[PDB]
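Colleague: Residue numbers -14 to 109, in our numbering, belong to the letters of the sequence shown in order.
Would you mind keeping the following structure in view while I ask a few things?
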Amino acid sequence: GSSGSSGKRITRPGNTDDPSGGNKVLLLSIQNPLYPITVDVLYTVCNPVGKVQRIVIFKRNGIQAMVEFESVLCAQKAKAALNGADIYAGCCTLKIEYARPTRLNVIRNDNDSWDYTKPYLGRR
């Protein structure tokens, strides 16, 4: 013979979430990028506001690119100065939007994505 009781209580790893907005990283979306938009084009109008950490240009349903800043503060100002900052003749408008993630990723250094923070990669 044998006998035993089995009991348990609901348990989840997830923790209370929050819509807390504000991050050093900002999702920049170029509007009507008829002309090729490289990290330079951005960092060019971005630097004028503050130091830039890195810029990753991806192609997902529209020429997009994420730009990170030293700290959040800088992001606040930069966001504005860039918010609606026309780059080309009535076109290539900048559409900044506090990205979801706070940290970015850069496989390698190229026109697509550039990493200023660490300019030392290939000591060829």
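Backbone N, C-alpha and C fix where the C-beta goes; we use that ideal spot for every residue, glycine too.
So with Cβ pairs under 7 angstroms, would you call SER5 a contact of chain C?
Modeller: In summary, chain C is missing from the structure at hand, where a single protein chain is found.
Colleague: Among all the DSSP beta bridges, which residues are the ones paired with residue 119?
Modeller: This structure does not reach residue 119, given that the chain is present from -14 up to 109, and the question cannot be answered.
Colleague: Terminal residues of the continuous alpha helix (DSSP H) containing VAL24?
Modeller: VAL24 -> alpha helix (DSSP H) spans 24 to 31.
Colleague: Closest to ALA60 by CA distance: which of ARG93, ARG39 and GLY35 is it?
Modeller: Nearest C-alpha to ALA60: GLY35.
Colleague: Do you know how far the Cα of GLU55 is from the Cα of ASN68?
Modeller: The straight-line gap from Cα to Cα measures roughly 18 angstroms.
Colleague: Assuming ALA84 is part of the alpha helix (DSSP H), what are its boundary residues?
Modeller: Segment: none, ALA84 is in no alpha helix (DSSP H) and carries neither H nor E.
Colleague: From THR78 to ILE72, what does the alpha carbon distance come to, in whole angstroms?
Modeller: Approximately 6 angstroms, taken between the alpha carbons.
Colleague: For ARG39, which residues of its own chain have a beta-carbon under 8 angstroms away from its beta-carbon, when the five flanking residues on both sides are left out?
Modeller: Cβ within range, chain order: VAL52, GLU53, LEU89, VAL91, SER98, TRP99, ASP100, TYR101 and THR102.
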